[PDB]
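Written out below as structure tokens is the structure these notes cover.
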Amino acid sequence: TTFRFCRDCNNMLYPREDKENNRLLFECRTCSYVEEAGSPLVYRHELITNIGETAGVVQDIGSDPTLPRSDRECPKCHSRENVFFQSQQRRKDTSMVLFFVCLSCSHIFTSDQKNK
Amino acid sequence: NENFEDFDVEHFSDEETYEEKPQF
Amino acid sequence: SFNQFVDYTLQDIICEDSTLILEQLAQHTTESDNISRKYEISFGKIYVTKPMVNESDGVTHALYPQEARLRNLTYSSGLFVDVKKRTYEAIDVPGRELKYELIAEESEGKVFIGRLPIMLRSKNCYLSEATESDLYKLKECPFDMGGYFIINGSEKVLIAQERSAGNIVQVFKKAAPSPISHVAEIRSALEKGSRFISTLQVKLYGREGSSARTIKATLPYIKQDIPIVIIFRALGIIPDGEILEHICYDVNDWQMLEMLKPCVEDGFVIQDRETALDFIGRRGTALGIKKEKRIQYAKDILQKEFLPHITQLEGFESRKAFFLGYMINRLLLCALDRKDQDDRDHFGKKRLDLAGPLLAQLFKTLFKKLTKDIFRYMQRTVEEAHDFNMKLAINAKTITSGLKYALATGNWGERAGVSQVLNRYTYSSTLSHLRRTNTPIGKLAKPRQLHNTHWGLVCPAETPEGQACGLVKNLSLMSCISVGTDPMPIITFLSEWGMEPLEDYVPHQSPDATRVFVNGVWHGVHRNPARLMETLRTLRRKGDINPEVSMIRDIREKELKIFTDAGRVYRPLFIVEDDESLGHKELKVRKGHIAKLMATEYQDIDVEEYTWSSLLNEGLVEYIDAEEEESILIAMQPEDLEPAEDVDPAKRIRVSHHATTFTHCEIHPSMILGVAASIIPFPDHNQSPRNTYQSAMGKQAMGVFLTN
Amino acid sequence: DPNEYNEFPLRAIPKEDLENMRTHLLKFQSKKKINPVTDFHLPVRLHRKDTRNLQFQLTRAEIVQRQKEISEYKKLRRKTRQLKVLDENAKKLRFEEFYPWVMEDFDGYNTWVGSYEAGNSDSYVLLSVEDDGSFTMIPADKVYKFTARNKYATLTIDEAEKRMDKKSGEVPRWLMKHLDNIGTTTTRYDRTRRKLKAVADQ
Amino acid sequence: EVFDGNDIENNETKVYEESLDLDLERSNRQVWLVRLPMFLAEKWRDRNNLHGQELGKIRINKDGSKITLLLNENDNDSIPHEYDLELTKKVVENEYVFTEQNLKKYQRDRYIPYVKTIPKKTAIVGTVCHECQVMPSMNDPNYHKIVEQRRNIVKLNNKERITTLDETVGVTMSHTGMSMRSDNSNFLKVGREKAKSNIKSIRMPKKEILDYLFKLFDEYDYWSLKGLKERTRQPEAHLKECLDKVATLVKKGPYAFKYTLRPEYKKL
Ligand SMILES: [Zn+2]
Ligand SMILES: [Zn+2]
């Protein structure tokens, strides 16, 4: 969606029509700041979510002792050692595909075969 | 009085369960 | 708990309501009597005597628990406080501000305020310093462990009361017929104040299929549920971008912003701090505020009543706004199904009120009542022109009868079953009763079931078979309850070791900053939390930080939580270090430390005394509660699971877990059991209901409960 | 040691110029850079006044205009009570910060109301660079966050309490753009400009 | 200094010698916002110190913008004398330093000419561009002293235990309740200071007391019983026996329960 805020008063912008060019301009409801819209999409509502499954990955995710270790193949370093976890997005119907984090390059590679 | 941990079920004493659900 | 309550908590209760000021208006018909008198009674240091009894004829002598049990007396000791009387007077000139001065009547002066029942073998009791021969001389059993009170000659034990932890954000999914989908509530409580419980509930209206899903919060002393944007603007945060920055910490999380979009649309027409405060002032429940004072009323509510556990002073609107944004963030995280709702049965989210906190809150109530009576009598004496008697001002029977009644009868007030008659059928029955805990029960949780977090803290099979099954729990053998420490030194240490304060924290410029929580209070952020956690752990393992303090680093959601409060149940665990000499993880405790321990033990039956605190101060063992147990990996056996990897078919099947990243090791797995379950021979070869039946029935056996 | 750098001496401020003068910290909460020497219509006025009922307090330009035009026109009681004892420092802060700092320009173009921040006002020490490169040390005592007020013609509470009523339906997306088009509830700056251009016409 | 705002009377010319406008010419001084540790802020914010003395030197090395403090040896020896000034914000925006000073008090379109403004002499002392924090250098010989001090911050207890009375228990109850000891304190002795006063009034005769009452009625028309009695020092029975003859009491008016002169004598 890429929510936009006014550069003068830092309030959020809202879509508004215009007729002299029939383009998309986001309008500030406070101080009337206008700019061109970079995309015609104004609202997207996802019913199936794929973000948040790899959330929490940091520069020291490997420092967590509770995370299990594996000997799997990192396809950026060819390093066996890595940590892994399930999908962090805690919906009841998510799959049990594993997300692996290499501890030498911090690449997020999965065990999915439907996608791969 | 008495203090016993051997649980004896109080017979004829369903009024505790009747008072738990007095509305339907 | 009792030693903490006597040594420290009594003075804290005295100093909370120490000063009692009475101002007498001049009420001058003529200008010859233009003097206003200000009378102040201030409580100072509190003193406690040794246990003693006053008899009928006024003789007071030392009371020993054997006599107090035989004569049906109460094993109590006197409480004496220092009272200094201040007399201030000023010339009552109207218009001119009054400037009071002393008339040098600063009389001061220990005064008896009541009798505190003394738990046996505590620091005040005579039996603490008594040797075995001294205990035999006093006709006391040396096997008797104390831990109980003697009220009217009855041995009364204070059952530990389990309660939900305070100052924790818990998000709950409400039922389908309710218009509120999720509720994020915090039982905001403060320890160094009035100890009043103010609950702030942040509620999300509308179900999942609904469209107008706004968020309204239940401020105290407000009849309506204010929308969160109006509360944010009332806290000084006007623009929508700053509000969304305070709530959503990731700029790319557009789903959270989409759910926040109806909320900012709802409170759109309020665009100023004063307009928001006056909007809150409209809904004030006092209904005695004039037209123009609603601004100051709303500011006073937001300062002294909205999230009081963070601060009660002024100028801390930014911290309260950040905590409100954190609450809304957790609520939306549960609403977006990124996180599950908070488990009510998590034993780390529970606290156990021992004799310390229970007697503390009871004495707080009784001393507040006593100070009210002192002020009432003093106002009667100054109004009716009677002479002021110091002895009639303080009614010591108030405190004495309050403590005696709440300990003799289990009614904790003016909660039942708090104080029970101590079981004396067998020795193990007395031990099991002295470690018993109780959970009061009407919510939607399942408190009767044995939880995962109950490992090593309460007994897995020791509970009554009746209606108290699971609600009444017994502590495991090594489990201990923290007595609570001051969080001020830890907060001071954190801010001087890189913790950026929450006032100048902007989430978009610090996306990887880790929030720092001390006793549930968000105190700031830290850029490099790993070495901070290492520093904190090295301080605790050497005893600089109190070992009861639990420090939890949640790497996934970037939170560092520190708990110094009382009531946390913890257990000791071995420490597993890197040990680069052996090339693999190993316990810090070695055979030399074991040799020192056995040398001290057999000396007790001349080398240096190597005690349990010697292991605690050298970092060999550590105290882990159920919150910190979520962030560690424990090995069951040292010699089986630490070193890297023909078997006896008679032995049970063991798993090695195929993982060498252990941080701790269990001391012994048999220590997960309680007192009654530790009597069972081979309980791992039994069906668990049979172990529960034996744990119930071990208290009904016959033996020698005491040698005296 | 080689003098390949600059070595600036540091000295404390004398205490003769610390008494009866407090050096607070001023902080504007704005996305854009705010410079009072340029962005503000001089003279500026930083006073400690009541923030209650803004948009109805006339700015210094209209005050001096009204001064000019009026110059041209002329030319049983309770004996005893309980006193809740409180610490003196928090009472002094409550009495001092009862009225917030308000910084206004001449025409009311920039009206900033300052809120007291109590977070780290005691650990801040100011190092003022002197003309000769020396450093003078000033202990900061209070920190204030200043937020802009009435920059976009905010609206009162009576209309607002009308709008939160569910009898009114969806609030229109450009209701106050339309209200500014009508000419109701404008800014202080626009009102002052209207009065100044009306007076200038006579 | 309490004052009234929204003054269209130009009273500030007469009640304030100094100008109320903010002084802005010092706003270009460069100010570094520096955060200090506990010991250094303790020794740099107390008012009994800071007499303009030199507190150290600042070395700014342009190779990596490394800014170091070089404190003088006059203050202490346990604290370090080399500190690493870390810049948490190289450029700081919208942060200014303004002063507060007391003044010289001696010599729609709707408005209200009262806004309760408290005017104070204010001036921008400088502008903040560098937010700094002071960390002691790792290689200083006194850095371990700071580590020990910070460890001692969380080690020592500021609260002492409750004091237990070690004497005989009956000696402590010598003062409590049942006690021969009467209170020698003079606190709230209202009865002592009230029963010591005795107003005694002789029976001086009728003509003189009525002349005195007429003089007092010439002084003031309405009199209370207590006020007239304390003015004349006469017993209430005799004073009433004169007052009913020479005056009357009010029962219903705004001056009720007050003895006032009879209207036959009011004209005289
Ligand atoms: Zn805008
Ligand atoms: Zn890799």
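How things are named: the first chain in the structure tokens is A, the next is B, and so on; residues count from 1 in each chain; ligands count from 1 in the order shown.
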Check your understanding: So which residues touch segment 72-89 of chain A within 8 Å, counting only C-alpha atoms, skipping near sequence neighbours fewer than 6 positions away, as a ChimeraX atom specification?
Key -> /A:51-55,62,95-105,107,109 /C:337-339
Check your understanding: Within 10 Å of ligand 1, counting only C-alpha atoms and all ligand atoms: which residues, as a PyMOL selection string?
Key -> (chain A and resi 5-13+27-34) or (chain C and resi 239-240) or (chain D and resi 151-152)
Check your understanding: If we count only C-alpha atoms, what is near segment 144-146 of chain E at a cut-off of 9 Å, once residues fewer than 4 positions away on the same chain are taken out, given as a PyMOL selection string?
Key -> chain E and resi 39+78-80+136+138+140+150-151
Could you write out that same residue set with N, CA, C and O atoms as a PDB file, in the first residue's frame?
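What follows is the written file result.pdb:
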```pdb
ATOM      1  N   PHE E  39      29.289  10.230  38.240  1.00  0.00           N
ATOM      2  CA  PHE E  39      30.318  10.927  39.008  1.00  0.00           C
ATOM      3  C   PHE E  39      30.641  12.283  38.392  1.00  0.00           C
ATOM      4  O   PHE E  39      30.742  13.294  39.104  1.00  0.00           O
ATOM      5  N   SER E  78      40.941   9.410  41.527  1.00  0.00           N
ATOM      6  CA  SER E  78      40.254   8.147  41.290  1.00  0.00           C
ATOM      7  C   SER E  78      39.549   8.138  39.941  1.00  0.00           C
ATOM      8  O   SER E  78      39.490   7.099  39.275  1.00  0.00           O
ATOM      9  N   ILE E  79      39.000   9.276  39.531  1.00  0.00           N
ATOM     10  CA  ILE E  79      38.322   9.410  38.244  1.00  0.00           C
ATOM     11  C   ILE E  79      39.374   9.445  37.141  1.00  0.00           C
ATOM     12  O   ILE E  79      40.532   9.798  37.407  1.00  0.00           O
ATOM     13  N   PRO E  80      39.041   9.075  35.906  1.00  0.00           N
ATOM     14  CA  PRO E  80      40.008   9.206  34.814  1.00  0.00           C
ATOM     15  C   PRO E  80      40.164  10.658  34.398  1.00  0.00           C
ATOM     16  O   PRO E  80      39.415  11.546  34.809  1.00  0.00           O
ATOM     17  N   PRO E 136      34.430   7.084  29.425  1.00  0.00           N
ATOM     18  CA  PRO E 136      35.855   7.050  29.760  1.00  0.00           C
ATOM     19  C   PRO E 136      36.617   6.140  28.813  1.00  0.00           C
ATOM     20  O   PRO E 136      36.073   5.178  28.266  1.00  0.00           O
ATOM     21  N   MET E 138      39.105   3.310  27.449  1.00  0.00           N
ATOM     22  CA  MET E 138      39.324   1.943  27.910  1.00  0.00           C
ATOM     23  C   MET E 138      40.720   1.774  28.497  1.00  0.00           C
ATOM     24  O   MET E 138      40.911   1.014  29.452  1.00  0.00           O
ATOM     25  N   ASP E 140      42.622   3.979  30.038  1.00  0.00           N
ATOM     26  CA  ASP E 140      42.989   4.839  31.153  1.00  0.00           C
ATOM     27  C   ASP E 140      43.328   4.001  32.383  1.00  0.00           C
ATOM     28  O   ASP E 140      42.694   2.971  32.627  1.00  0.00           O
ATOM     29  N   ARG E 150      30.801   1.591  39.369  1.00  0.00           N
ATOM     30  CA  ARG E 150      29.522   1.176  38.802  1.00  0.00           C
ATOM     31  C   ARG E 150      29.073  -0.170  39.350  1.00  0.00           C
ATOM     32  O   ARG E 150      27.868  -0.418  39.462  1.00  0.00           O
ATOM     33  N   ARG E 151      30.014  -1.053  39.683  1.00  0.00           N
ATOM     34  CA  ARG E 151      29.642  -2.291  40.358  1.00  0.00           C
ATOM     35  C   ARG E 151      29.171  -2.018  41.781  1.00  0.00           C
ATOM     36  O   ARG E 151      28.249  -2.677  42.274  1.00  0.00           O
TER      37      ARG E 151
END
```
Hey, list the chain C side of the contact with chain B: 9 Å cut-off, only C-alpha atoms, answer as a JSON list (two decimals) with C-alpha atoms, in the first residue's frame.
```
[["chain", "number", "residue", "atom", "x", "y", "z"],
["C", 421, "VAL", "CA", -3.86, -24.73, 61.07],
["C", 423, "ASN", "CA", -0.67, -30.15, 59.91],
["C", 464, "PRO", "CA", -5.71, -32.96, 46.35],
["C", 465, "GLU", "CA", -8.17, -35.24, 44.60],
["C", 466, "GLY", "CA", -11.23, -33.12, 45.38],
["C", 467, "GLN", "CA", -12.38, -29.71, 44.17],
["C", 696, "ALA", "CA", -2.25, -37.09, 49.19],
["C", 697, "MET", "CA", -2.11, -40.11, 51.51],
["C", 699, "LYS", "CA", 0.03, -36.82, 55.10],
["C", 700, "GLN", "CA", -2.43, -39.24, 56.74]]
```
Exercise for review: Would you list, as a ChimeraX atom specification, the residues of segment 31-128 of chain D that end up in alpha helix (DSSP H) under DSSP run on this structure's backbone?
Suggested key: /D:60-74,88-96
For the residues selected in the previous step, produce a file with N, CA and C atoms as a PDB file, in the first residue's frame.
```
ATOM      1  N   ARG D  60       0.306  39.526  18.767  1.00  0.00           N
ATOM      2  CA  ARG D  60       0.884  40.812  19.152  1.00  0.00           C
ATOM      3  C   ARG D  60       0.671  41.884  18.089  1.00  0.00           C
ATOM      4  N   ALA D  61       0.578  41.486  16.818  1.00  0.00           N
ATOM      5  CA  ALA D  61       0.268  42.445  15.762  1.00  0.00           C
ATOM      6  C   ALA D  61      -1.124  43.031  15.950  1.00  0.00           C
ATOM      7  N   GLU D  62      -2.108  42.182  16.234  1.00  0.00           N
ATOM      8  CA  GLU D  62      -3.440  42.718  16.466  1.00  0.00           C
ATOM      9  C   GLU D  62      -3.555  43.388  17.824  1.00  0.00           C
ATOM     10  N   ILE D  63      -2.736  42.989  18.798  1.00  0.00           N
ATOM     11  CA  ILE D  63      -2.711  43.701  20.073  1.00  0.00           C
ATOM     12  C   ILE D  63      -2.237  45.133  19.873  1.00  0.00           C
ATOM     13  N   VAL D  64      -1.161  45.323  19.104  1.00  0.00           N
ATOM     14  CA  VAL D  64      -0.671  46.686  18.919  1.00  0.00           C
ATOM     15  C   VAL D  64      -1.586  47.463  17.973  1.00  0.00           C
ATOM     16  N   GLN D  65      -2.265  46.776  17.047  1.00  0.00           N
ATOM     17  CA  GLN D  65      -3.249  47.459  16.211  1.00  0.00           C
ATOM     18  C   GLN D  65      -4.442  47.938  17.033  1.00  0.00           C
ATOM     19  N   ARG D  66      -4.939  47.090  17.937  1.00  0.00           N
ATOM     20  CA  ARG D  66      -6.029  47.488  18.819  1.00  0.00           C
ATOM     21  C   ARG D  66      -5.587  48.589  19.771  1.00  0.00           C
ATOM     22  N   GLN D  67      -4.328  48.548  20.219  1.00  0.00           N
ATOM     23  CA  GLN D  67      -3.795  49.622  21.051  1.00  0.00           C
ATOM     24  C   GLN D  67      -3.781  50.944  20.301  1.00  0.00           C
ATOM     25  N   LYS D  68      -3.371  50.917  19.030  1.00  0.00           N
ATOM     26  CA  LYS D  68      -3.391  52.128  18.216  1.00  0.00           C
ATOM     27  C   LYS D  68      -4.810  52.646  18.032  1.00  0.00           C
ATOM     28  N   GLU D  69      -5.762  51.746  17.772  1.00  0.00           N
ATOM     29  CA  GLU D  69      -7.120  52.212  17.519  1.00  0.00           C
ATOM     30  C   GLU D  69      -7.803  52.699  18.796  1.00  0.00           C
ATOM     31  N   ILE D  70      -7.470  52.136  19.961  1.00  0.00           N
ATOM     32  CA  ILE D  70      -8.072  52.662  21.182  1.00  0.00           C
ATOM     33  C   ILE D  70      -7.369  53.930  21.640  1.00  0.00           C
ATOM     34  N   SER D  71      -6.093  54.110  21.289  1.00  0.00           N
ATOM     35  CA  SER D  71      -5.445  55.393  21.525  1.00  0.00           C
ATOM     36  C   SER D  71      -6.067  56.477  20.658  1.00  0.00           C
ATOM     37  N   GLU D  72      -6.418  56.136  19.417  1.00  0.00           N
ATOM     38  CA  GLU D  72      -7.096  57.104  18.562  1.00  0.00           C
ATOM     39  C   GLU D  72      -8.529  57.360  19.016  1.00  0.00           C
ATOM     40  N   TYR D  73      -9.204  56.343  19.562  1.00  0.00           N
ATOM     41  CA  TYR D  73     -10.520  56.561  20.158  1.00  0.00           C
ATOM     42  C   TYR D  73     -10.435  57.487  21.364  1.00  0.00           C
ATOM     43  N   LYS D  74      -9.432  57.290  22.221  1.00  0.00           N
ATOM     44  CA  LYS D  74      -9.271  58.173  23.370  1.00  0.00           C
ATOM     45  C   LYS D  74      -8.705  59.526  22.960  1.00  0.00           C
ATOM     46  N   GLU D  88       8.222  19.026  47.945  1.00  0.00           N
ATOM     47  CA  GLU D  88       8.250  20.421  47.525  1.00  0.00           C
ATOM     48  C   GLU D  88       8.707  20.585  46.083  1.00  0.00           C
ATOM     49  N   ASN D  89       9.577  19.698  45.597  1.00  0.00           N
ATOM     50  CA  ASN D  89      10.090  19.838  44.239  1.00  0.00           C
ATOM     51  C   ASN D  89       9.001  19.594  43.200  1.00  0.00           C
ATOM     52  N   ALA D  90       8.193  18.547  43.383  1.00  0.00           N
ATOM     53  CA  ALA D  90       7.110  18.293  42.440  1.00  0.00           C
ATOM     54  C   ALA D  90       6.031  19.361  42.527  1.00  0.00           C
ATOM     55  N   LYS D  91       5.800  19.912  43.720  1.00  0.00           N
ATOM     56  CA  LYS D  91       4.871  21.030  43.849  1.00  0.00           C
ATOM     57  C   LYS D  91       5.390  22.255  43.109  1.00  0.00           C
ATOM     58  N   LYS D  92       6.697  22.512  43.195  1.00  0.00           N
ATOM     59  CA  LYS D  92       7.288  23.632  42.470  1.00  0.00           C
ATOM     60  C   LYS D  92       7.207  23.431  40.964  1.00  0.00           C
ATOM     61  N   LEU D  93       7.438  22.203  40.491  1.00  0.00           N
ATOM     62  CA  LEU D  93       7.281  21.928  39.063  1.00  0.00           C
ATOM     63  C   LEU D  93       5.835  22.080  38.612  1.00  0.00           C
ATOM     64  N   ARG D  94       4.879  21.617  39.418  1.00  0.00           N
ATOM     65  CA  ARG D  94       3.475  21.746  39.041  1.00  0.00           C
ATOM     66  C   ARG D  94       3.039  23.204  39.021  1.00  0.00           C
ATOM     67  N   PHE D  95       3.517  23.997  39.980  1.00  0.00           N
ATOM     68  CA  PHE D  95       3.184  25.416  40.001  1.00  0.00           C
ATOM     69  C   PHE D  95       3.860  26.162  38.858  1.00  0.00           C
ATOM     70  N   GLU D  96       5.107  25.808  38.549  1.00  0.00           N
ATOM     71  CA  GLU D  96       5.830  26.488  37.481  1.00  0.00           C
ATOM     72  C   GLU D  96       5.298  26.086  36.112  1.00  0.00           C
TER      73      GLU D  96
END
```
Exercise: segment 99-103 of chain E partners within 6 Å, only C-alpha atoms, chain neighbours under 4 positions left out, as a short mmCIF file (atom, residue, chain, number, x, y, z; two decimals) with N, CA, C and O atoms, in the first residue's frame:
```cif
data_model
loop_
_atom_site.label_atom_id
_atom_site.label_comp_id
_atom_site.auth_asym_id
_atom_site.auth_seq_id
_atom_site.Cartn_x
_atom_site.Cartn_y
_atom_site.Cartn_z
N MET D 21 18.85 32.98 36.92
CA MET D 21 18.78 32.77 35.48
C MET D 21 18.92 31.29 35.19
O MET D 21 19.92 30.68 35.58
N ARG D 22 17.96 30.73 34.48
CA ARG D 22 17.92 29.30 34.20
C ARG D 22 18.06 29.08 32.70
O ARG D 22 17.40 29.75 31.91
N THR D 23 18.94 28.15 32.31
CA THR D 23 19.20 27.87 30.90
C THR D 23 18.54 26.54 30.52
O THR D 23 19.14 25.47 30.65
N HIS D 24 17.31 26.62 30.05
CA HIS D 24 16.58 25.43 29.64
C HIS D 24 17.01 24.99 28.24
O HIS D 24 17.88 25.59 27.61
N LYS E 120 8.61 36.64 31.02
CA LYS E 120 9.95 36.46 31.55
C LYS E 120 10.97 36.89 30.50
O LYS E 120 10.72 36.79 29.30
N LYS E 121 12.11 37.37 30.97
CA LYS E 121 13.18 37.80 30.07
C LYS E 121 13.85 36.56 29.49
O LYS E 121 14.49 35.79 30.21
N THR E 122 13.70 36.36 28.18
CA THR E 122 14.15 35.15 27.52
C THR E 122 15.08 35.51 26.38
O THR E 122 14.96 36.58 25.77
N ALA E 123 16.01 34.60 26.09
CA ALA E 123 17.00 34.82 25.04
C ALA E 123 17.59 33.49 24.63
O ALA E 123 17.89 32.65 25.48
#
```
Review point. Using the chain letters and numbers from this document, which residues of segment 7-148 of chain D does DSSP assign to strand (DSSP E), as a VMD selection string?
Key: chain D and resid 7 to 12 21 to 29 45 to 48 80 to 83 101 to 104 111 to 117 124 to 129 135 to 139 143 to 148
Check your understanding: Within 9 Å of segment 73-85 of chain C, counting only C-alpha atoms, which residues qualify if same-chain residues fewer than 3 places away don't, as a VMD selection string?
Key -> (chain C and resid 14 39 to 53 63 to 65 67 to 70 105 to 120 124 to 125 149 to 154 404) or (chain E and resid 187)
Exercise for review: Check every residue of chain C for an atom within 7 Å of chain D, counting only C-alpha atoms, and provide those that qualify as JSON, numbers by chain.
Suggested key: {"C": [19, 21, 22, 23, 24, 25, 27, 269, 270, 271, 272, 274, 275, 315, 316, 503]}
Practice item. Might you pull out every residue within 7 Å of residue 47 of chain D, with only C-alpha atoms counted and same-chain residues fewer than 3 positions away left off, and present them as a list in words? Key: residues 101, 102 and 103 of chain D; 117, 118, 119 and 120 of chain E
Store the residues of this selection in a file with C-alpha atoms, as a PDB file, in the first residue's frame.
```pdb
ATOM      1  CA  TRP D 101       5.921  28.027  27.435  1.00  0.00           C
ATOM      2  CA  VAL D 102       4.343  29.605  24.356  1.00  0.00           C
ATOM      3  CA  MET D 103       6.529  31.009  21.573  1.00  0.00           C
TER       4      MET D 103
ATOM      5  CA  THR E 117       0.533  35.530  30.681  1.00  0.00           C
ATOM      6  CA  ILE E 118       3.625  35.277  32.868  1.00  0.00           C
ATOM      7  CA  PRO E 119       6.293  37.295  31.022  1.00  0.00           C
ATOM      8  CA  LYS E 120       9.952  36.461  31.552  1.00  0.00           C
TER       9      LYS E 120
END
```
Find the residues near residue 683 of chain C: any atom within 12 Å, counting only C-alpha atoms, skip ones fewer than 4 places away on the same chain, and give them as a short mmCIF file (atom, residue, chain, number, x, y, z; two decimals) with C-alpha atoms, in the first residue's frame.
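selection-v2.cif, written as the output of this step:
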```cif
data_model
loop_
_atom_site.label_atom_id
_atom_site.label_comp_id
_atom_site.auth_asym_id
_atom_site.auth_seq_id
_atom_site.Cartn_x
_atom_site.Cartn_y
_atom_site.Cartn_z
CA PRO C 460 3.97 -32.57 38.96
CA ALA C 461 2.09 -35.11 41.11
CA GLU C 462 1.09 -33.58 44.44
CA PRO C 669 15.77 -34.35 37.82
CA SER C 670 14.34 -35.87 41.01
CA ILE C 672 11.11 -31.52 40.23
CA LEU C 673 9.11 -33.39 42.89
CA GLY C 674 7.70 -31.92 46.07
CA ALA C 676 5.28 -35.77 49.51
CA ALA C 677 6.33 -37.09 46.09
CA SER C 678 9.95 -37.46 47.22
CA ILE C 679 8.85 -40.15 49.67
CA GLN C 687 1.30 -44.52 36.91
CA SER C 688 1.00 -40.82 37.75
CA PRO C 689 -2.45 -40.96 39.47
CA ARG C 690 -0.97 -43.48 41.91
CA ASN C 691 1.81 -40.99 42.71
CA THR C 692 -0.84 -38.31 43.27
CA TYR C 693 -2.82 -40.65 45.55
CA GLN C 694 0.30 -41.44 47.58
CA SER C 695 1.23 -37.75 47.82
#
```
Residues of chain C near chain E: apply a cut-off of 6 Å, count only C-alpha atoms, and supply the list as a PDB file with N, CA, C and O atoms, in the first residue's frame.
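Output file selection-v4.pdb is given in full below:
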```pdb
ATOM      1  N   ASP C   7      12.311  -6.612  58.190  1.00  0.00           N
ATOM      2  CA  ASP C   7      13.505  -5.783  58.114  1.00  0.00           C
ATOM      3  C   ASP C   7      13.283  -4.543  57.261  1.00  0.00           C
ATOM      4  O   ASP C   7      13.791  -3.465  57.587  1.00  0.00           O
ATOM      5  N   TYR C  47      10.684   0.461  65.410  1.00  0.00           N
ATOM      6  CA  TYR C  47      11.443  -0.482  66.214  1.00  0.00           C
ATOM      7  C   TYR C  47      10.580  -1.698  66.505  1.00  0.00           C
ATOM      8  O   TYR C  47       9.357  -1.596  66.620  1.00  0.00           O
ATOM      9  N   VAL C  48      11.225  -2.850  66.619  1.00  0.00           N
ATOM     10  CA  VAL C  48      10.548  -4.099  66.929  1.00  0.00           C
ATOM     11  C   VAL C  48      11.242  -4.727  68.130  1.00  0.00           C
ATOM     12  O   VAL C  48      12.464  -4.634  68.274  1.00  0.00           O
ATOM     13  N   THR C  49      10.457  -5.298  69.031  1.00  0.00           N
ATOM     14  CA  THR C  49      11.018  -5.938  70.203  1.00  0.00           C
ATOM     15  C   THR C  49      11.214  -7.426  69.940  1.00  0.00           C
ATOM     16  O   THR C  49      10.852  -7.953  68.887  1.00  0.00           O
ATOM     17  N   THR C  60       5.291  -7.622  81.858  1.00  0.00           N
ATOM     18  CA  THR C  60       5.673  -8.019  80.513  1.00  0.00           C
ATOM     19  C   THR C  60       6.991  -8.769  80.586  1.00  0.00           C
ATOM     20  O   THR C  60       7.973  -8.252  81.124  1.00  0.00           O
ATOM     21  N   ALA C 385     -11.659  21.273  71.978  1.00  0.00           N
ATOM     22  CA  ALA C 385     -10.771  21.917  72.952  1.00  0.00           C
ATOM     23  C   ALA C 385     -10.428  21.005  74.129  1.00  0.00           C
ATOM     24  O   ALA C 385     -10.121  21.482  75.225  1.00  0.00           O
ATOM     25  N   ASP C 387      -7.867  18.174  75.926  1.00  0.00           N
ATOM     26  CA  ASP C 387      -6.430  17.947  75.943  1.00  0.00           C
ATOM     27  C   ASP C 387      -6.082  16.757  75.060  1.00  0.00           C
ATOM     28  O   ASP C 387      -6.825  15.774  74.991  1.00  0.00           O
ATOM     29  N   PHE C 388      -4.942  16.845  74.385  1.00  0.00           N
ATOM     30  CA  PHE C 388      -4.498  15.795  73.480  1.00  0.00           C
ATOM     31  C   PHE C 388      -3.709  14.755  74.262  1.00  0.00           C
ATOM     32  O   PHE C 388      -2.673  15.071  74.857  1.00  0.00           O
ATOM     33  N   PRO C 489      18.778   0.477  41.200  1.00  0.00           N
ATOM     34  CA  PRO C 489      20.178   0.271  40.784  1.00  0.00           C
ATOM     35  C   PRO C 489      20.330  -0.332  39.400  1.00  0.00           C
ATOM     36  O   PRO C 489      21.242   0.057  38.663  1.00  0.00           O
ATOM     37  N   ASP C 544      26.959  -9.287  41.978  1.00  0.00           N
ATOM     38  CA  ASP C 544      26.778  -7.839  41.978  1.00  0.00           C
ATOM     39  C   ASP C 544      25.309  -7.472  41.820  1.00  0.00           C
ATOM     40  O   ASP C 544      24.780  -6.640  42.565  1.00  0.00           O
TER      41      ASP C 544
END
```
Review point. Would you list which chain E residues are within 6 Å of chain D using only C-alpha atoms, as number ranges by chain?
Key: E: 8, 21-22, 30-36, 45, 50-61, 94-101, 116-119
